[PDB]
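Undergrad: before I ask anything, here's the sequence and the deposited coordinates:
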Amino acid sequence: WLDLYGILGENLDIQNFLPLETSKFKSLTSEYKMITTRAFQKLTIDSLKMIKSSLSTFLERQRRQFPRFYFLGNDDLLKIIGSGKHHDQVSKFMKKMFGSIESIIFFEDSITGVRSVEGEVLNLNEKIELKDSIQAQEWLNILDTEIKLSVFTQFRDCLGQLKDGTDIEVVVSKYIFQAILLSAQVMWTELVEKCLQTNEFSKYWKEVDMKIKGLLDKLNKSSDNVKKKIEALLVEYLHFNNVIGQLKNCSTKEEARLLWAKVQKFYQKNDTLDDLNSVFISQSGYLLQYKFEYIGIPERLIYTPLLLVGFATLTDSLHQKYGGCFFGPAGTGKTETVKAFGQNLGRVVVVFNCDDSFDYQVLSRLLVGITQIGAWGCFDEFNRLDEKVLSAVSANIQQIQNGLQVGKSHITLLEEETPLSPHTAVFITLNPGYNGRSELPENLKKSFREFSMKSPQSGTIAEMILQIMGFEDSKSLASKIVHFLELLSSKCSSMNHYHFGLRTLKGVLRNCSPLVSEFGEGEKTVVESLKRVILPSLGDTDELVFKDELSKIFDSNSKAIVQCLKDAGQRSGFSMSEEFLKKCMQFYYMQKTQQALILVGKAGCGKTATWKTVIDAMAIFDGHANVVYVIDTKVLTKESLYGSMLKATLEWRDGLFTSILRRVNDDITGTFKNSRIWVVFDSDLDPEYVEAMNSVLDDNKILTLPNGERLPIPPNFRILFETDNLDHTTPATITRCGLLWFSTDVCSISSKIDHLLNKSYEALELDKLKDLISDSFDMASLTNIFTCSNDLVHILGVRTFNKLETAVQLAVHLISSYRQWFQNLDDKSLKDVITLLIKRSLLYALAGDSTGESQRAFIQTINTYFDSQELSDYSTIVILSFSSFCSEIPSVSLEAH
Amino acid sequence: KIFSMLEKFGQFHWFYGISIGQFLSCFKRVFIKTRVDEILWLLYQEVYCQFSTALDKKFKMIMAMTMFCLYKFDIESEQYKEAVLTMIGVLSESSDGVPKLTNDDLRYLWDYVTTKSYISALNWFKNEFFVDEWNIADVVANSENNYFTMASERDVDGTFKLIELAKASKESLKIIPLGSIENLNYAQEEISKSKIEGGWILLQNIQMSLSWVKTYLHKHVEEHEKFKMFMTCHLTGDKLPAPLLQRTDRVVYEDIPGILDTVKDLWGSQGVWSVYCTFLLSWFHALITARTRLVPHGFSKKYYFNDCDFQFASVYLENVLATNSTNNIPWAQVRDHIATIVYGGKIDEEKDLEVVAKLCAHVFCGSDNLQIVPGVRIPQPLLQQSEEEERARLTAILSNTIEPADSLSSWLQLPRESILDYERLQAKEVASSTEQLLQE
Ligand SMILES: Nc1ncnc2c1ncn2[C@@H]1O[C@H](COP(=O)(O)OP(=O)(O)OP(=O)(O)O)[C@@H](O)[C@H]1O
Ligand SMILES: Nc1ncnc2c1ncn2[C@@H]1O[C@H](COP(=O)(O)OP(=O)(O)O)[C@@H](O)[C@H]1O
Ligand SMILES: [Mg+2]
């Protein structure tokens, strides 16, 4: 009702469009007023849903007015339009429209600036007074323009300050990161061109080196926001130093000019009167226009040679308004390359995770959403689309390309004419040759420019990043890390989930970053990070191989967490073996820096118990309330998991995981702000079910819904994967998650008996009965009986480790049932009756799934391997006297009928 | 006998099926375009030109060999019979034996096969007997049928050929890809509109909407003058209905197997330095597409260099030539960008990057005397010529070149053993197929 009143019941000159909708809204207003009066002194929801259907055209026209509303759902659109005067509802959706902006600064009912996701604050050039009668799209459009003008102002006066002769160490504390970055790149390309006019490069190389060392010195003593800014400028300046050093080593001028042509250059026109088109980027001759869109302080990529060649081929594709195509094995840096190219071009690249549910209408709606905005669109995992849909959208993509190339003002897609902004572009990242993925038709492949990035340069990445933390010996450590990873990949068993590419290196670095305060920035920290990342995912002999190579190529308290785990198992009835405690430590240390985890082991090997007792340990240690949502992936279909499009009226219905993500993002009652939320996919990892979450699992942390909704993943939202085997699990989702392999079972037989017995007596004097049944469960006979039970041929083959539960539950039920006649007999009779019941339970739980002769052999061996009461094949207890089945047969004389 | 041959071809592959209406229409065109032997000869060339375009390259050579066979076995003697059969047999690695000396063309074939040249030996019959060939333009122009279909393997598309054909015909193509019900309805509305008022239409990937193709297209083709229908399907895709394919003209599109023919095609499809650069780019594209077919030795995998790479490389060459107007052309930059960005993007391995870098260093040396192939040297343009004179000189120096019989080795600079193995295997397959075909 608040949304309906905001869109129709309060705004004037908005009810002249649809009079029937106005009358329906008035009737609903009268009904809601009557309901509110009755409450103060079911059918309403149905009426609201019925009148929601007529609002689709209104919302489509509203999205046509402001093109960035295409990234919002219908409910989000209702919320953002209905906030006529509150103005705070718009501020929560800026991450959904822009991506790099999380809130709006408000002051005296006027706007002052925006706030980036990384905590950066951008102050607008002129504060805009917000009228009470104004609508959302007008002030949103003028804010979109004002952000670009403010960014240009900061770039201009920062570049003037740098041209005046000051050092960057004082400028980095004044302006936003993008202004410093663009001004530094302009200054660098101007100075490099000046140096290239002559034969001298050593003076500028020394100047850049001293500036880098000064930035590194200032990095340690700076605030966190300034720390991120200096880190990103240091990545850029390391690229500058690398380019200048490569230029200095050129023998002749021709190769120096070629090497300078191959690299991105950031020029500025000195004649244009238009401010926002004054900066153009030149690489290999082609020129692209800077958009001056706000970026914030993103995680800047290390400018590897492969990254520069990818930038060159992306510029070559976009010069003719074609598409950018990146193909290769998973975990090589395709989406990140596209996003870094967009950030260098001063815009936020909007990334879409393709799926089977993306039909022609959904993909075409996304295309008209991004072409009307003018943003850059990345179609991540383009192979996951159906072949029919891929061939069908070829017309739309070719039409977009032709309209961009010929400068057409409008294009017609989805039976409607929409404006086409000249700033838009389309990119695709795809993984060829994977199971369960379609193939692009050639008519569609001719509209994209392919580039292969199979082999990245991990050494340069590791060296630059370790220099960013300021490690004393970066080159040797990076070489040791890369050689160690290569030796681990080449000298281990050829298992399917043994991938040691670049994502594992990034995880090692992200785990080594927060251990500097505990182990010190050096050899100990990097070997501890390598252990904490790679060791949980390795087997048994490969673990010994890992330890041997770690001792070869590398020279070399946790009391509270272990105490918490012990207490959690004590209240849960578990027992700390060496393997169980090792697995708990590995799970904790690997989840500390990885938000997505895969638990792989045999059936009933100890995955659920491991993560449940670790969850209890986290709750004890941190004090945070913890809520967990367990979802079986393959019980539900994809439509019921993620969501479905009601094709009758073209509206969106949420799935289950999407529903959980929405109710944790909405945060109505404040209970999800200071809590951890776990989604456990307790089924098989189907590629078709899990690859729809690739943007969720990687650093994007976003769930690209079909209807354009972009739900971010909060930092306290962690995803588990409990499964049995990875036979069909593709490496794309393997490398995105910290894997925890269970080489052997985490519990012993006797401990499992004790835990099941404790659970059974928790489910219910009793102390004497518990002592007697514990004494009767003698381990010395039980281990040999279980060892002998493996010789029997069992139908429906189950390991004997899993049949303990049936034996203990059956035995406890039998004692509980016959406890009514246990207080009128002596100790020896009680022991004989209980051991007879236990032998019967063990027989029918271990050899109960075998033939009659096998059952007779097993009752023979349980009699020989246990003085006590003998168990015969027909033995039973009747109302408590032992008898046989001979006298229990009743005389049956059937009639004819 | 020819109809039985074509029926066997249709028995091999579903796309190669033949009706009687098309054959009788071709026989009518024989009369439209020693007397009875002259009509028989004209029938042979007319049926070859009409139904060669509906087959791929191996079946093109099979059909050419068996048709030249049937004609010569009719006309010539039994010594000619024995010589041709034993030469096919030694080409098929089934029967080994020298031919009996008599005219002259048999001696030419003996020279061509005793030099271990196999592809040229297969194409000798096509160059000898048949004196005409048909492209897509000749098929579209010389067909009474207003419905056309077009097939190709995966990872190749010939939509640009039809777009060029429509542009040269001053028509208006309208590409409607299939795969969704919205596109099916739009294609129905547009096909009705184009039948009412004229205009061309093209349907892309018709094998992805087989139910609609089986119902609507069947009932439409079964039942204006500036109207044509084009359909594109994949040769390795699912089977298409026989009557609908027999009611439409069938064309199989593939890249031109020749090297010099590819240069001539790319030259005819297009100051003095721009003409020189596009001539060099056409030569380089033909060389790399010729080398691409050799899977194990020319490259490491199977790649596909289409005309989009040629267009992007030509755009880059023009952008370099316009910006760098000081006559100091950055040849090294052009080499690096073509071998790395334009033609090197699809390359996944590293030996293939090395060989494309070697090719780009060979063809873009930027020297006054450049020897791109062992026979032809392309001099640089002078400082006093015009664009038309430069184009005429380049066409003249292109036309005087004669492709050698071993052009897959000398021009590509490859070891001879691999090329001999490839040619021997391909000619053995073709000759074995025509030997099995000619015995029934
Ligand atoms: N340390 C332990 N102490 C006592 N019992 C344990 C211990 N670890 C595991 N178990 C027991 O092992 C049994 C199987 O373990 P768990 O419940 O973790 O299975 P799982 O990994 O979820 O199995 P599946 O993949 O078959 O669903 C449980 O009944 C649990 O009680
Ligand atoms: N210079 C770099 N190049 C490539 N990847 C990098 C670089 N620096 C860091 N990375 C990390 O490598 C990962 C690459 O993921 P990516 O392969 O882009 O995903 P996708 O498989 O969807 O393309 C990212 O998580 C990123 O954090
Ligand atoms: Mg991806």
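TA: Received, thanks. Numbering: from 1, shown residues only, chains lettered A, B, ... in the order given. Ligands and ions are numbered 1, 2, ... in the order given.

Undergrad: okay, strands next: where are they in the stretch 51-200 of chain B?
TA: B:147-152, B:175-177, B:199-204 (DSSP state E, counting those that start in this stretch).

Undergrad: contact partners of the first one?
TA: By C-beta atoms under 8 Å, 6 or more residues apart in numbering or on different chains, the surrounding residues in contact with strand B:147-152 are B:15, B:136, B:139-140, B:158, B:162, B:206, B:221, B:228-235, B:245, B:247-254. C-beta: built from backbone N, CA, C; applies to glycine.

Undergrad: before we move on, back to that, which among the strands of the stretch 51-200 of chain B is found nearest to ligand 2?
TA: Put simply, out of the strands of the stretch 51-200 of chain B the one that sits nearest ligand 2 is strand B:175-177, at 27.0 Å, with distance taken as C-beta to the nearest ligand atom.

Undergrad: show me what contacts residue A:410?
TA: Taking C-beta under 8 Å, 6+ apart as the criterion, residue A:410 is in contact with A:403, A:417, A:418, A:419, A:420.

Undergrad: please apply the same query to residue A:531.
TA: When the contact criterion is C-beta under 8 Å, 6+ apart, the partners of residue A:531 are residue A:550.

Undergrad: mind doing that once more with 10 Å?
TA: With contact set as C-beta atoms under 10 Å, 6 or more residues apart in numbering or on different chains, residue A:531 has these partners: A:508, A:511, A:546, A:547, A:550, A:586, A:589.

Undergrad: that one: helix or strand, and which one exactly?
TA: Remark: residue A:531 resides in helix A:523-534, with elements defined by DSSP states H and E.

Undergrad: ok, is that helix in contact with ligand 2 or not?
TA: No: using C-beta under 6 Å from any ligand atom as the criterion, no contacts between helix A:523-534 and ligand 2 are found, and the smallest distance is 13.9 Å.

Undergrad: name the nearest residue to residue A:310, sequence neighbours excluded.
TA: The shortest distance from residue A:310 to any residue that is not its chain neighbour, by C-beta to C-beta, 6 or more residues apart in numbering or on different chains, is 4.6 Å, and that residue is residue A:337.

Undergrad: hmm, that neighbour is touching residue A:306, no?
TA: Yes: counting by C-beta atoms under 10 Å, a contact exists between residue A:337 and residue A:306, whose distance comes to 8.1 Å.

Undergrad: thinking again about what came up before, how far does the helix holding residue A:531 sit from its chain's centre?
TA: The chain centre lies 23 Å from the centre of helix A:523-534; the measure is C-alpha atoms, centre = their mean, to the nearest Å.

Undergrad: just the CA atoms of the following helix or strand past it, as PDB, please.
TA: Once helix A:523-534 ends, the next helix or strand along the chain (criterion: DSSP H and E) is helix A:541-553. Included here for helix A:541-553 are C-alpha records, laid out as PDB according to Å, rounded to 0.1, in the frame of the first residue of the first chain:
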ATOM      1  CA  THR A 541      50.400 -39.800  -0.200                       C
ATOM      2  CA  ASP A 542      50.100 -36.300  -1.900                       C
ATOM      3  CA  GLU A 543      50.200 -34.800   1.600                       C
ATOM      4  CA  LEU A 544      53.600 -36.500   2.200                       C
ATOM      5  CA  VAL A 545      54.700 -35.300  -1.300                       C
ATOM      6  CA  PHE A 546      53.600 -31.700  -0.300                       C
ATOM      7  CA  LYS A 547      55.500 -31.800   2.900                       C
ATOM      8  CA  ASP A 548      58.600 -33.200   1.200                       C
ATOM      9  CA  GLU A 549      58.600 -30.500  -1.500                       C
ATOM     10  CA  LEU A 550      57.800 -27.800   1.100                       C
ATOM     11  CA  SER A 551      60.900 -28.900   3.100                       C
ATOM     12  CA  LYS A 552      63.000 -29.000  -0.100                       C
ATOM     13  CA  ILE A 553      62.200 -25.800  -2.000                       C
END
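
Undergrad: quick one: contacts of the helix or strand following helix A:541-553?
TA: Following helix A:541-553 in sequence order, the next helix or strand is helix A:559-572 (DSSP H and E). Where contact means C-beta under 10 Å, 6+ apart, the residues beyond helix A:559-572 that reach it are A:558, A:574-576, A:580-581, A:584-585, A:587-589, A:609-610, A:612-622, A:755, A:758-759.

Undergrad: pull out the buried members of those.
TA: Members of the contacts of helix A:559-572 that pass the buried threshold by neighbour count (16 or more other C-beta atoms under 10 Å in any protein chain shown) are listed as A:574-576, A:580-581, A:584-585, A:587-589, A:609-610, A:612-621, A:755.

Undergrad: contacting residues for residue A:610?
TA: When contacts are counted by C-beta under 10 Å, 6+ apart, residue A:610 touches A:565, A:574, A:580, A:583-584, A:586-587, A:599, A:601, A:722, A:740, A:742, A:746.

Undergrad: and which of the residues you listed is nearest to residue A:794?
TA: Proximity to residue A:794 was ranked across those by C-beta to C-beta; first place goes to residue A:601, at 21.6 Å.

Undergrad: spatially nearest residue to that closest one (excluding sequence neighbours)?
TA: Counting by C-beta to C-beta, 6+ apart, residue A:742 is the residue found nearest to residue A:601 once chain neighbours are left out, at 2.7 Å.

Undergrad: what is the burial count for that neighbour?
TA: Here the count is done by other C-beta atoms under 10 Å in any protein chain shown, and residue A:742 has 18 residues near it.

Undergrad: contact partners for it?
TA: Under the criterion of C-beta under 10 Å, 6+ apart, the contact list for residue A:742 reads A:536, A:539, A:579, A:583, A:599, A:600, A:601, A:602, A:605, A:606, A:607, A:610.
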